[PDB]
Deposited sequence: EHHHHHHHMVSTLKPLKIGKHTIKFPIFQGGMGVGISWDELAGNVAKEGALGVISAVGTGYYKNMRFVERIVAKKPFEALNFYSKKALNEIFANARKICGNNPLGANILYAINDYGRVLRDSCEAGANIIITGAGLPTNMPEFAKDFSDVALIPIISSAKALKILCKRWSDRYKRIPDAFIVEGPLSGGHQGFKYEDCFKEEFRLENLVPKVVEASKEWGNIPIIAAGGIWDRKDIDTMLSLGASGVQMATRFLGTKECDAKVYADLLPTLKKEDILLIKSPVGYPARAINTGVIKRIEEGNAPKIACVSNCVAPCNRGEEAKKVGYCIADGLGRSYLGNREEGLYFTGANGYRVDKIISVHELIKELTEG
């Protein structure tokens, strides 16, 4: 008993309009770097009618630095090669060999260096939607002016941030966000109604709930609270089509006690698997830190990486390249609930049937 792409699926979930774009199911696959949500994952998610989201961070690592001009110590040299336009273009092109013209997003952290350049690169590569968190992105329209149809979606954690972003954008660009993703840094079941309420002032911008959403019962709860859709990362992290192939080996064995919150050179906490570089640091076998890729502004070219003990660009790139000893591995809080690695098709069927 296997459901295939030529079979029908009956859903009571309704299509979701984001700006000029429509997705069949009110579900975003959350962007995941480095190299977790590239062409295979994002293309297959979009093929199924959810929003596939390509992570635009660290694209220089794609296919072992296929598209970088300069390499240093096996790393992309500087932001121009770490956020590689040519790699981003090929990732989008390969996604669309799978999903065609179905909508695709690009996720870009606001804290990266060359943020505006990577936003414009994402539009030029074919992104229909830009998603940005890790900051308060008050100038997203500045870099998208040449791409009127690309929808812009900040990630926020409060109704105050919604009101601020809508006012700043409206006053400066005569435009407001096309959607908001709401995530806790405070429980999601109390944040969503507050943000939904605040959006009323600005025209019922769709609100996408994110964080800890696992199954259709969680989706239904979120829609009942006024959310227009959900964003899910960890569930897709555990699919076969994930572009970082180590996770299919790592998640099935992952126990709750091995998930932990850590500091980062970006100045935002991350949730990591207690393995790889995190174990190397505690042994006193930490990899050398010497900023090559210059990934994020808050680090100041290695100042903060040296303080917290690891380089996030180096560690996340090593994981994409298959490095179990020195890679950095992330997970949502529900990562320990992954037992089987299933297909994207199987997952979407589970989340949408009925």
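Novice: So, counting the deposited sequence from position 1, which segments are absent from the coordinates?
Specialist: Coordinates drop out only over 186 to 202.
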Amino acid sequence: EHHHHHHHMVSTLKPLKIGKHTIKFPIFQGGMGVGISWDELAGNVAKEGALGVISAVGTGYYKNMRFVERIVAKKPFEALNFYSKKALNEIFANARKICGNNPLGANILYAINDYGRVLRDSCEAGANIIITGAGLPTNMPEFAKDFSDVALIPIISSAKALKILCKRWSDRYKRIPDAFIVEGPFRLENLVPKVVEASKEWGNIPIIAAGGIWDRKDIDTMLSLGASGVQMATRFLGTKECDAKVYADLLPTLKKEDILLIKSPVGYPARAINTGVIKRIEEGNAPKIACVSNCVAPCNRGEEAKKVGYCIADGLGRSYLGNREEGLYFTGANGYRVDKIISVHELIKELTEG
From here on, numbers count along this sequence of modelled residues.
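What we label the rigid core is the largest C-alpha set whose atoms superpose within 1.5 Å from one form to the other.
Novice: Compare 176 to 184 with 85 to 93 and report which one shows the larger root mean square C-alpha deviation from this form in 8 other deposited structures of this protein once the rigid core is superposed.
Specialist: Between 176 to 184 and 85 to 93, greater C-alpha deviation in 8 other deposited structures of this protein belongs to 176 to 184.
Novice: Compare 107 to 115 with 209 to 217 and report which one shows the larger root mean square C-alpha deviation from this form in 8 other deposited structures of this protein once the rigid core is superposed.
Specialist: Taking the RMS over all superposed structures in 8 other deposited structures of this protein, 107 to 115 lies farther out.
Novice: Mean Cα B factor from the PDB record: higher for 205 to 213, or higher for 187 to 195?
Specialist: That would be 187 to 195.
Novice: Per the record, averaged over C-alpha atoms, which has the higher B-factor: 67 to 75 or 226 to 234?
Specialist: Going by the record's values, the stretch with the higher mean is 67 to 75.
Novice: From 161, 98, 127, 91, can you pick the one with the highest C-alpha B factor in the entry?
Specialist: Each of 161, 98, 127, 91 was compared by C-alpha B-factor; the highest is 161.
Novice: Just to confirm, going by the entry's C-alpha B-factors, which of 256, 263, 245, 172 comes out highest?
Specialist: Most elevated C-alpha B-factor of the set, per the entry: 256.
Novice: Compared with the other modelled residues in the chain, in which third is the CA B-factor of residue 322?
Specialist: It falls in the top third of the chain.
Novice: Could you look up the Cα B-factor of residue 167 in the entry and say which third of the chain it sits in: lowest, middle or highest?
Specialist: According to the entry, residue 167 has a C-alpha B-factor in the chain's highest third.
Novice: Select lowest, middle or highest to describe the third in which the CA B-factor of residue 276 falls within its chain in this entry.
Specialist: Tercile = middle for this residue's CA B-factor.
Novice: According to the PDB entry, is the CA B factor of residue 270 in the bottom, middle or top third of its chain, that is, lowest, middle or highest?
Specialist: Lowest third - that is where residue 270 ends up once the chain's C-alpha B-factors are sorted.
Novice: Rank-wise, by C-alpha B-factor, drop residue 219 into the lowest, middle or highest third of its chain.
Specialist: For residue 219, the deposited C-alpha B-factor lands in the highest third.
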